Amino acid sequence: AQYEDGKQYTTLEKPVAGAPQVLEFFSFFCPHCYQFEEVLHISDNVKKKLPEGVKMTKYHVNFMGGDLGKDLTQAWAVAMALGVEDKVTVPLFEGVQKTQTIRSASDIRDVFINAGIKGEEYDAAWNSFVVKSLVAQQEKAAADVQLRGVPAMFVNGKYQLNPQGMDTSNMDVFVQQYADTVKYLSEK
């Protein structure tokens, strides 16, 4: 066939029930994740090819960057709670990987302040049980799929994207193959 298990995707030996429809995992420490966000705009192109009513979920992971990695997972929970993902994603990536000006929780917080989230509002969220539960959700989702690498995308808790088996000569062609594969898996 044109789409083949073990080629553009792999199938989970242990499918995950009640999973988000499109589930993406990333780390702000992850170099291909940076590319996926700033150069390729994967999430956005996948969305444009998904049907009506399909929600996309994106979670941060702990297993890169040690203590700061965990802070980032909590900060991402804050972004999700406040709905400010689209305002902090780029400066968090650049602060970690480009300028390397993010070295502490306080430096993460600065990114949010500069993005216009108020101090009182950020700290309140940071310490909230709603954010604690949101951290727990990110951890559980990654645990459920035995996750040891990012970037990762899972469709319906059964299929996992396999970008190593797509062409990389053309950046644009790669993105469409990726997005088209997600759509195919989605209709499966």
# chains A, B, ... in the order shown; residues from 1 in each chain; ligands from 1
>>> select_by_dssp(residues="region 41-185 of chain A", states="strand (DSSP E or B)", output="list in words")
residues 56, 57, 58, 59, 60, 152, 153, 154, 155, 159, 160 and 161 of chain A
>>> write_last_selection(atoms="N, CA, C and O atoms", output="PDB file, in the first residue's frame")
ATOM      1  N   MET A  56      -6.785  19.017  18.861  1.00  0.00           N
ATOM      2  CA  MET A  56      -5.369  18.725  18.923  1.00  0.00           C
ATOM      3  C   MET A  56      -4.851  19.057  20.306  1.00  0.00           C
ATOM      4  O   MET A  56      -5.156  20.118  20.861  1.00  0.00           O
ATOM      5  N   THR A  57      -4.071  18.138  20.858  1.00  0.00           N
ATOM      6  CA  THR A  57      -3.504  18.323  22.176  1.00  0.00           C
ATOM      7  C   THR A  57      -1.985  18.320  22.077  1.00  0.00           C
ATOM      8  O   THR A  57      -1.422  17.550  21.332  1.00  0.00           O
ATOM      9  N   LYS A  58      -1.329  19.215  22.803  1.00  0.00           N
ATOM     10  CA  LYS A  58       0.128  19.226  22.827  1.00  0.00           C
ATOM     11  C   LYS A  58       0.652  19.304  24.243  1.00  0.00           C
ATOM     12  O   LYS A  58       0.273  20.194  24.988  1.00  0.00           O
ATOM     13  N   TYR A  59       1.521  18.359  24.609  1.00  0.00           N
ATOM     14  CA  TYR A  59       2.043  18.252  25.969  1.00  0.00           C
ATOM     15  C   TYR A  59       3.564  18.327  26.011  1.00  0.00           C
ATOM     16  O   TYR A  59       4.260  17.856  25.104  1.00  0.00           O
ATOM     17  N   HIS A  60       4.060  18.887  27.100  1.00  0.00           N
ATOM     18  CA  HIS A  60       5.479  18.966  27.361  1.00  0.00           C
ATOM     19  C   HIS A  60       5.951  17.713  28.114  1.00  0.00           C
ATOM     20  O   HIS A  60       5.145  17.025  28.743  1.00  0.00           O
ATOM     21  N   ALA A 152       6.934  13.782  19.069  1.00  0.00           N
ATOM     22  CA  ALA A 152       6.146  12.567  18.894  1.00  0.00           C
ATOM     23  C   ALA A 152       4.731  12.992  18.656  1.00  0.00           C
ATOM     24  O   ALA A 152       4.271  13.967  19.243  1.00  0.00           O
ATOM     25  N   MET A 153       4.042  12.298  17.752  1.00  0.00           N
ATOM     26  CA  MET A 153       2.637  12.530  17.528  1.00  0.00           C
ATOM     27  C   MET A 153       1.938  11.183  17.505  1.00  0.00           C
ATOM     28  O   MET A 153       2.439  10.234  16.888  1.00  0.00           O
ATOM     29  N   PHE A 154       0.798  11.115  18.181  1.00  0.00           N
ATOM     30  CA  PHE A 154       0.035   9.871  18.292  1.00  0.00           C
ATOM     31  C   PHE A 154      -1.367  10.169  17.824  1.00  0.00           C
ATOM     32  O   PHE A 154      -1.931  11.202  18.174  1.00  0.00           O
ATOM     33  N   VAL A 155      -1.919   9.313  16.969  1.00  0.00           N
ATOM     34  CA  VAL A 155      -3.276   9.533  16.488  1.00  0.00           C
ATOM     35  C   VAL A 155      -4.221   8.481  17.076  1.00  0.00           C
ATOM     36  O   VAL A 155      -3.971   7.274  16.932  1.00  0.00           O
ATOM     37  N   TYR A 159      -1.841   5.110  16.685  1.00  0.00           N
ATOM     38  CA  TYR A 159      -0.789   5.221  15.686  1.00  0.00           C
ATOM     39  C   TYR A 159       0.223   6.273  16.048  1.00  0.00           C
ATOM     40  O   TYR A 159      -0.149   7.332  16.533  1.00  0.00           O
ATOM     41  N   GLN A 160       1.486   6.020  15.723  1.00  0.00           N
ATOM     42  CA  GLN A 160       2.529   6.961  16.074  1.00  0.00           C
ATOM     43  C   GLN A 160       3.220   7.363  14.780  1.00  0.00           C
ATOM     44  O   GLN A 160       3.632   6.504  13.987  1.00  0.00           O
ATOM     45  N   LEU A 161       3.317   8.664  14.546  1.00  0.00           N
ATOM     46  CA  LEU A 161       3.949   9.169  13.336  1.00  0.00           C
ATOM     47  C   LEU A 161       5.389   8.720  13.281  1.00  0.00           C
ATOM     48  O   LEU A 161       6.050   8.655  14.311  1.00  0.00           O
TER      49      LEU A 161
END
>>> closest_atom_pairs(of="region 120-164 of chain A", to="region 7-29 of chain A", cutoff="12 Å", atoms="only C-alpha atoms", output="tab-separated table")
residue	atom	partner	partner_atom	distance
A:137	CA	A:19	CA	11.3
A:138	CA	A:25	CA	8.9
A:139	CA	A:25	CA	10.5
A:140	CA	A:19	CA	10.8
A:141	CA	A:19	CA	8.0
A:142	CA	A:25	CA	7.7
A:143	CA	A:16	CA	10.6
A:144	CA	A:16	CA	6.8
A:145	CA	A:16	CA	7.3
A:146	CA	A:14	CA	9.5
A:147	CA	A:25	CA	8.8
A:148	CA	A:25	CA	10.4
A:149	CA	A:26	CA	8.6
A:150	CA	A:26	CA	5.4
A:151	CA	A:26	CA	5.0
A:152	CA	A:25	CA	5.1
A:153	CA	A:24	CA	4.3
A:154	CA	A:23	CA	5.1
A:155	CA	A:22	CA	4.9
A:156	CA	A:21	CA	4.6
A:157	CA	A:16	CA	4.6
A:158	CA	A:15	CA	4.8
A:159	CA	A:11	CA	4.8
A:160	CA	A:10	CA	5.3
A:161	CA	A:9	CA	4.4
A:162	CA	A:9	CA	4.5
A:163	CA	A:8	CA	6.5
A:164	CA	A:8	CA	8.0
>>> residues_around(residues="residue 80 (chain A)", least_positions_apart="4", cutoff="12 Å", atoms="only C-alpha atoms", output="VMD selection string")
chain A and resid 57 to 60 73 to 76 84 to 89 122 125 to 126 130 to 135 137 to 138
>>> residues_around(residues="residue 178 (chain A)", least_positions_apart="3", cutoff="9 Å", atoms="only C-alpha atoms", output="number ranges by chain")
A: 8, 42, 45-46, 161-163, 166, 173-175, 181-183
>>> write_last_selection(atoms="C-alpha atoms", output="PDB file, in the first residue's frame")
ATOM      1  CA  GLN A   8       5.053   6.546   7.724  1.00  0.00           C
ATOM      2  CA  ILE A  42       3.919  21.080  11.901  1.00  0.00           C
ATOM      3  CA  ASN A  45      -0.214  22.383   8.991  1.00  0.00           C
ATOM      4  CA  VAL A  46      -1.678  19.252  10.515  1.00  0.00           C
ATOM      5  CA  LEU A 161       3.949   9.169  13.336  1.00  0.00           C
ATOM      6  CA  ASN A 162       7.243   8.013  11.859  1.00  0.00           C
ATOM      7  CA  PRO A 163       8.982  11.027  10.318  1.00  0.00           C
ATOM      8  CA  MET A 166       9.462  10.503   4.990  1.00  0.00           C
ATOM      9  CA  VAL A 173       7.127  18.344   0.915  1.00  0.00           C
ATOM     10  CA  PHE A 174       8.031  16.816   4.272  1.00  0.00           C
ATOM     11  CA  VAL A 175       5.408  18.829   6.129  1.00  0.00           C
ATOM     12  CA  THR A 181      -0.299  10.979   7.029  1.00  0.00           C
ATOM     13  CA  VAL A 182      -2.021  12.344  10.114  1.00  0.00           C
ATOM     14  CA  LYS A 183      -5.200  12.871   8.050  1.00  0.00           C
TER      15      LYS A 183
END
>>> residues_around(residues="residue 117 (chain A)", least_positions_apart="3", cutoff="10 Å", atoms="only C-alpha atoms", output="list in words")
residues 79, 82, 84, 87, 88, 109, 110, 111, 112, 113, 114, 120, 121 and 122 of chain A
>>> write_last_selection(atoms="C-alpha atoms", output="short mmCIF file (atom, residue, chain, number, x, y, z; two decimals), in the first residue's frame")
data_model
loop_
_atom_site.label_atom_id
_atom_site.label_comp_id
_atom_site.auth_asym_id
_atom_site.auth_seq_id
_atom_site.Cartn_x
_atom_site.Cartn_y
_atom_site.Cartn_z
CA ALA A 79 0.31 28.33 29.45
CA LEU A 82 -4.28 30.64 30.86
CA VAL A 84 -1.43 31.66 26.27
CA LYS A 87 2.32 33.77 23.12
CA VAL A 88 5.05 31.90 24.96
CA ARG A 109 8.53 33.42 34.42
CA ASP A 110 10.20 36.44 32.74
CA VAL A 111 9.11 35.15 29.34
CA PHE A 112 5.48 35.19 30.48
CA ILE A 113 5.78 38.69 32.00
CA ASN A 114 7.32 40.00 28.79
CA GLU A 120 0.02 37.94 40.17
CA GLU A 121 -1.76 35.92 37.47
CA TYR A 122 1.29 33.77 36.58
#
>>> residues_around(residues="residue 47 (chain A)", least_positions_apart="6", cutoff="9 Å", atoms="only C-alpha atoms", output="list in words")
residues 54, 55, 56 and 179 of chain A
>>> write_last_selection(atoms="N, CA and C atoms", output="mmCIF file, in the first residue's frame")
data_model
loop_
_atom_site.group_PDB
_atom_site.id
_atom_site.type_symbol
_atom_site.label_atom_id
_atom_site.label_comp_id
_atom_site.auth_asym_id
_atom_site.auth_seq_id
_atom_site.Cartn_x
_atom_site.Cartn_y
_atom_site.Cartn_z
ATOM 1 N N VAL A 54 -12.059 18.043 15.170
ATOM 2 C CA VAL A 54 -10.937 17.266 15.666
ATOM 3 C C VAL A 54 -10.026 18.154 16.487
ATOM 4 N N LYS A 55 -9.944 17.830 17.774
ATOM 5 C CA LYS A 55 -9.127 18.598 18.688
ATOM 6 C C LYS A 55 -7.703 18.074 18.709
ATOM 7 N N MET A 56 -6.785 19.017 18.861
ATOM 8 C CA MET A 56 -5.369 18.725 18.923
ATOM 9 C C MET A 56 -4.851 19.057 20.306
ATOM 10 N N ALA A 179 1.502 15.890 7.422
ATOM 11 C CA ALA A 179 0.118 16.292 7.646
ATOM 12 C C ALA A 179 -0.861 15.306 6.958
#
>>> select_by_dssp(residues="region 24-185 of chain A", states="alpha helix (DSSP H)", output="ChimeraX atom specification")
/A:31-38,42-49,66-82,85-93,105-114,119-126,129-144,171-185
>>> residues_around(residues="residue 94 (chain A)", least_positions_apart="5", cutoff="12 Å", atoms="only C-alpha atoms", output="ChimeraX atom specification")
/A:28-31,33-35,37-38,88-89,99-102,108,111
>>> atom_distance(atom1="CA of residue 52 (chain A)", atom2="CA of residue 83 (chain A)")
21.1 Å
>>> atom_distance(atom1="CA of residue 81 (chain A)", atom2="CA of residue 104 (chain A)")
20.9 Å
>>> closest_residue(among="A:103, A:96, A:32, A:43", to="residue 67 (chain A)", atoms="only C-alpha atoms")
A:103
>>> atom_distance(atom1="CA of residue 62 (chain A)", atom2="CA of residue 40 (chain A)")
23.4 Å
